[PDB]
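Below: one structure, written as structure tokens.
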Amino acid sequence: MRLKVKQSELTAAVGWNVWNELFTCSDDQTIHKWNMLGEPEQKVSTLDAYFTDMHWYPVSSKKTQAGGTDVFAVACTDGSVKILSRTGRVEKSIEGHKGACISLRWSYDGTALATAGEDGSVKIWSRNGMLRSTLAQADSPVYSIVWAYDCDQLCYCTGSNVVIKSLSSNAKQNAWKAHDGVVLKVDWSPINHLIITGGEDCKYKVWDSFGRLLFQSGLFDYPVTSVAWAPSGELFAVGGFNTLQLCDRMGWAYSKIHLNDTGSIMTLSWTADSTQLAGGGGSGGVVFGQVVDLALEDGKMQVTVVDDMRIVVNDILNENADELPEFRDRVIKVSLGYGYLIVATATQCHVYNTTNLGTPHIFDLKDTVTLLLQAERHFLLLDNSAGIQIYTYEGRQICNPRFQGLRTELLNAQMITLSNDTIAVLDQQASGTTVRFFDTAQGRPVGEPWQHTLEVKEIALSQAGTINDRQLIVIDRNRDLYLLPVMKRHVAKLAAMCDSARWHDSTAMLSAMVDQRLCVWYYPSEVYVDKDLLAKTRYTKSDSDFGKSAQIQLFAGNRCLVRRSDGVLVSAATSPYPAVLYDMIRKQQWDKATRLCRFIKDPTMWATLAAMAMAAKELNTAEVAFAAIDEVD
Ligand SMILES: O=C([O-])C(=O)[O-]
């Protein structure tokens, strides 16, 4: 994918509302409205004041919108902070700072407004403009502030440093030196908890919430002047001197675009649906970017989302391409798998059998789709109104799993996982981190919710077999990898120093990054049975280093595709044999499996077969396998 860019003294601030209007604040002392086509529509207001920053009152869903929430706040150079309506009516003007107010953000729950001054103060206000508290007084201008999602913590920069402070508690403000120079912008994703920064050392960087560096860019020619997370948390944008870059959440860049005489891009804002962004530059021009050329593939099928109207389906059964009919509303979310293509527009969900593109099943959407997941039998669609929805591939809603205190706007693909019989959801709260399971038939809770002692980074369900086969992996914040069956549910630790893990597409096998090495478990369940045989069915490629923070993108057939932190996709061969053993054994062909193992004389396959045999209680076979293993010793 890439950023498709369109360009419209200084344009000081930009911000999209949930109605997909872009408001821009310029040094002409005017505020203008723009539409998603990147066209100017109206002068909304004119003020005797210069602008530095703006923020729309945050709305989780325009469907659950009702209230006086159609307002935005603007920071001014005279130190005032003004709340304006969508129509430009001044609701409230606040004398917030001495000298310019240079950054501000509404809390996510809308109960507070945070402002920061060149005077180095960070202040917290009620909407009534009352001073709620002075959070901080730094020794340098606080160029950028953002909230934690719970609104009990604020992240801000001062000098070279990033600071995280609690509003309620005191404890210890976490702080670190982020850049070798002045930090110019920060952002903190509420959905993936990652922090991004850019500054005068001419780099951008990605951090976790604890100050651990996850990515640092090479040198730009000039300071990085803005960074912004897409609401999806899967992408962020970077602005600089006549440049705009689109980055993966891992940090590496999809595209770097040179802009036409914009000066530095000082301000960034994304649309709520993460498909577009806007940037304000020192020149005063407004830049519009659209995320395009999304590529999906599954087996022989390749799908390219050309733009928000146009999709091509490439069916390489004979080097083919089919252009889908142009979409009547903007394409928002697309997913491919299991022989089906799902296209969610702003108002409709299309489900295509990829072999019969001419007859999709289509149903109405009443809210913005925020996630699509697919399994063999059905798929999952998420929005912030009805929440978690499980659909047949003919478009019939099967169930709507829910639980008290579920916050759907915080779920990404790391937090919720689907399979043929089970859904698992990470329920993250100040009180506790627990994994909750639900069945896909009725959406009813399955078993007792599982509590971990540490914060969890991500969870994922295995795909093969039945409910008794269903397993969850858990990676926690210490980078420990756990295995947890849905039904027997007794946890086991599989690895330390785990950066990633992925279930095999078609079998119970598991892959993971373990201290930067590729490790494969041919039979992960063995950990509950026999630690010694578990080790014999676990293979680590000792000499292949995937670097820091590598992410497994696919584990299927006999290959594992691994995305490195630097954006390089590595293809690693795994054993050609264990999937064949799985196939043979589900067909009860124990004779054939023993013959195969006798032919390849591979101790790890003998161990895998022995594990399979013991679980099936094929004792004759297990005996042969153990005999073969003990023989090579
Ligand atoms: O996505 C890819 O294959 C790449 O990195 O070129």
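Residue names in the structure tokens use chain letters A, B, ... in the order shown, residue numbers from 1 in each chain, and ligand numbers from 1 in the order shown.
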Exercise for the section: Pull the strand (DSSP E) assignments for segment 186-280 of chain A out of DSSP run on the backbone, and list those residues as a count of residues only. Expected result: 49
Chain A residues near ligand 1 within 7 Å, closest pair each, using only C-alpha atoms and all ligand atoms, as a tab-separated table:
```
residue	atom	partner	partner_atom_place_in_ligand_line	distance
A:567	CA	ligand 1	5 (O)	6.4
A:568	CA	ligand 1	5 (O)	5.3
A:569	CA	ligand 1	5 (O)	5.0
```
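In this model, the gap between atom CA of residue 443 of chain A and atom CA of residue 389 of chain A comes to 9.2 Å.
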Problem - residue 604 of chain A environment, 9 Å, only C-alpha atoms, sequence neighbours closer than 6 positions dropped, as a list in words - result: residues 522, 536, 537, 538, 539 and 629 of chain A
Problem - Spatial neighbours of segment 220-234 of chain A, 7 Å, only C-alpha atoms, chain gap at least 3 places, as a VMD selection string - result: chain A and resid 184 to 187 189 191 to 192 196 to 204 237 to 241 248 to 249 264 to 270 272 274
Okay, now the selection with N, CA, C and O atoms, as a compact mmCIF listing (two decimals), in the first residue's frame?
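Dumped to selection-v1.txt:
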```txt
# COMPACT_ATOMS: atom_id res chain seq x y z
N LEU A 184 9.48 17.09 18.94
CA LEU A 184 8.52 18.03 18.36
C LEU A 184 7.09 17.54 18.39
O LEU A 184 6.14 18.34 18.39
N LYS A 185 6.91 16.22 18.39
CA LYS A 185 5.56 15.67 18.46
C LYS A 185 5.57 14.26 19.04
O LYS A 185 6.57 13.52 18.88
N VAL A 186 4.49 13.92 19.74
CA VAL A 186 4.30 12.55 20.23
C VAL A 186 2.86 12.12 19.95
O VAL A 186 1.98 12.95 19.73
N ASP A 187 2.64 10.81 19.91
CA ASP A 187 1.29 10.29 19.85
C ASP A 187 1.30 8.96 20.57
O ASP A 187 2.33 8.30 20.67
N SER A 189 -1.12 5.52 20.93
CA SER A 189 -2.30 4.81 20.45
C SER A 189 -3.10 4.22 21.61
O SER A 189 -2.57 3.45 22.40
N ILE A 191 -5.34 2.02 21.26
CA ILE A 191 -5.70 0.64 20.90
C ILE A 191 -4.51 -0.34 20.97
O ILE A 191 -4.70 -1.49 21.34
N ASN A 192 -3.30 0.11 20.64
CA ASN A 192 -2.13 -0.77 20.71
C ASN A 192 -1.10 -0.32 21.79
O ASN A 192 -0.13 -1.01 22.06
N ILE A 196 4.67 6.98 19.61
CA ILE A 196 5.56 7.37 18.53
C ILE A 196 6.02 8.80 18.78
O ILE A 196 5.27 9.61 19.33
N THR A 197 7.25 9.09 18.37
CA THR A 197 7.84 10.41 18.58
C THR A 197 8.64 10.86 17.37
O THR A 197 9.16 10.03 16.60
N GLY A 198 8.76 12.17 17.20
CA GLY A 198 9.62 12.72 16.16
C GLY A 198 10.28 14.00 16.66
O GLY A 198 9.69 14.73 17.47
N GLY A 199 11.50 14.28 16.21
CA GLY A 199 12.14 15.50 16.65
C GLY A 199 13.31 16.00 15.84
O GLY A 199 13.52 15.60 14.69
N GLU A 200 14.09 16.88 16.47
CA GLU A 200 15.13 17.64 15.79
C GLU A 200 16.40 16.85 15.53
O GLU A 200 17.31 17.34 14.89
N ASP A 201 16.45 15.61 16.01
CA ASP A 201 17.57 14.75 15.63
C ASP A 201 17.26 14.10 14.28
O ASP A 201 18.01 13.25 13.80
N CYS A 202 16.14 14.52 13.67
CA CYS A 202 15.78 14.11 12.31
C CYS A 202 15.44 12.62 12.23
O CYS A 202 15.75 11.95 11.24
N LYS A 203 14.79 12.12 13.28
CA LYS A 203 14.28 10.75 13.33
C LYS A 203 12.87 10.68 13.89
O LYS A 203 12.45 11.58 14.63
N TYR A 204 12.15 9.61 13.54
CA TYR A 204 10.97 9.24 14.32
C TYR A 204 11.26 7.91 15.00
O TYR A 204 12.14 7.15 14.58
N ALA A 237 1.39 7.96 10.53
CA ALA A 237 1.93 8.88 9.54
C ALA A 237 3.01 9.74 10.15
O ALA A 237 2.99 10.02 11.35
N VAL A 238 3.97 10.15 9.32
CA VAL A 238 5.10 10.97 9.72
C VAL A 238 5.21 12.14 8.77
O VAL A 238 5.22 11.94 7.53
N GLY A 239 5.29 13.34 9.32
CA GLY A 239 5.44 14.54 8.52
C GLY A 239 6.76 15.23 8.76
O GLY A 239 7.28 15.24 9.88
N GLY A 240 7.32 15.82 7.71
CA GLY A 240 8.61 16.47 7.80
C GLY A 240 8.69 17.56 6.75
O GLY A 240 7.66 18.02 6.25
N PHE A 241 9.91 17.97 6.42
CA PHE A 241 10.09 19.05 5.47
C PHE A 241 9.76 18.56 4.07
O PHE A 241 10.52 17.78 3.49
N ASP A 248 4.02 1.28 8.90
CA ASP A 248 3.45 0.17 9.64
C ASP A 248 3.58 0.43 11.13
O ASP A 248 4.51 1.10 11.55
N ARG A 249 2.67 -0.13 11.93
CA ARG A 249 2.81 -0.01 13.38
C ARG A 249 4.15 -0.54 13.89
O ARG A 249 4.60 -0.12 14.95
N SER A 264 7.54 22.30 6.25
CA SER A 264 7.36 21.16 7.15
C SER A 264 5.88 20.90 7.41
O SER A 264 5.09 21.85 7.59
N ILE A 265 5.51 19.63 7.43
CA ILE A 265 4.16 19.23 7.83
C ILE A 265 4.13 19.23 9.35
O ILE A 265 4.70 18.35 9.99
N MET A 266 3.46 20.22 9.92
CA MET A 266 3.49 20.47 11.35
C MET A 266 2.36 19.76 12.08
O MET A 266 2.45 19.51 13.28
N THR A 267 1.30 19.46 11.34
CA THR A 267 0.06 18.98 11.92
C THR A 267 -0.52 17.85 11.07
O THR A 267 -0.52 17.93 9.84
N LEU A 268 -0.99 16.79 11.73
CA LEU A 268 -1.59 15.63 11.09
C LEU A 268 -2.91 15.26 11.75
O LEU A 268 -3.04 15.35 12.97
N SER A 269 -3.87 14.81 10.96
CA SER A 269 -5.13 14.29 11.51
C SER A 269 -5.64 13.20 10.59
O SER A 269 -5.61 13.36 9.38
N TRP A 270 -6.09 12.09 11.17
CA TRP A 270 -6.68 10.99 10.41
C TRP A 270 -8.20 11.01 10.44
O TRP A 270 -8.78 11.42 11.43
N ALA A 272 -11.79 9.06 11.04
CA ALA A 272 -12.14 8.06 12.05
C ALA A 272 -12.00 6.65 11.52
O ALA A 272 -11.72 5.71 12.28
N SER A 274 -9.75 5.60 9.40
CA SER A 274 -8.34 5.31 9.11
C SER A 274 -7.98 5.22 7.63
O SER A 274 -6.90 4.75 7.30
```
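Of the residues under consideration (A:110, A:251, A:99, A:557), A:110 shows the shortest atom-to-atom contact distance to residue 150 of chain A when counting only C-alpha atoms.
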Exercise for the section: Identify, on the basis of only C-alpha atoms, every residue whose closest approach to residue 83 of chain A does not exceed 12 Å; exclude the query and any residue fewer than 4 positions from it along the same chain; express the result as a PyMOL selection string. Expected result: chain A and resi 54-57+68-76+87-95+104-106+113+125-129
Create the file for the chosen residues now, containing C-alpha atoms and written as a short mmCIF file (atom, residue, chain, number, x, y, z; two decimals), in the first residue's frame.
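Writing the result to result.cif gives the following:
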```cif
data_model
loop_
_atom_site.label_atom_id
_atom_site.label_comp_id
_atom_site.auth_asym_id
_atom_site.auth_seq_id
_atom_site.Cartn_x
_atom_site.Cartn_y
_atom_site.Cartn_z
CA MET A 54 -6.94 22.02 17.48
CA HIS A 55 -8.81 18.95 18.69
CA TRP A 56 -12.33 17.70 17.99
CA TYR A 57 -14.30 16.48 20.97
CA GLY A 68 -23.17 18.76 22.94
CA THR A 69 -20.25 16.82 21.50
CA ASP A 70 -20.01 18.51 18.09
CA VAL A 71 -17.36 20.95 19.25
CA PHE A 72 -13.62 21.37 18.92
CA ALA A 73 -11.02 23.25 20.91
CA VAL A 74 -8.37 25.54 19.41
CA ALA A 75 -5.08 26.68 20.98
CA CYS A 76 -4.08 30.29 20.32
CA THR A 87 -20.84 25.86 13.01
CA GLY A 88 -18.10 28.09 14.43
CA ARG A 89 -19.97 29.58 17.39
CA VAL A 90 -17.62 30.38 20.26
CA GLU A 91 -18.86 28.40 23.26
CA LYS A 92 -16.11 29.39 25.67
CA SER A 93 -12.81 31.23 25.69
CA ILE A 94 -10.23 30.36 28.34
CA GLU A 95 -7.12 32.31 29.35
CA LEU A 104 -4.21 20.58 23.51
CA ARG A 105 -6.26 17.40 23.64
CA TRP A 106 -9.68 16.42 24.97
CA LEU A 113 -9.40 19.30 28.28
CA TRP A 125 -9.58 21.97 32.47
CA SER A 126 -13.23 21.12 32.88
CA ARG A 127 -15.40 21.85 29.87
CA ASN A 128 -16.82 24.77 31.88
CA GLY A 129 -13.36 26.30 31.53
#
```
Practice task
For residue 509 of chain A, please output as a ChimeraX atom specification all residues within 8 Å (counting only C-alpha atoms; exclusion window: fewer than 2 positions along the same chain).
Solution key: /A:503-504,507,511,520-524
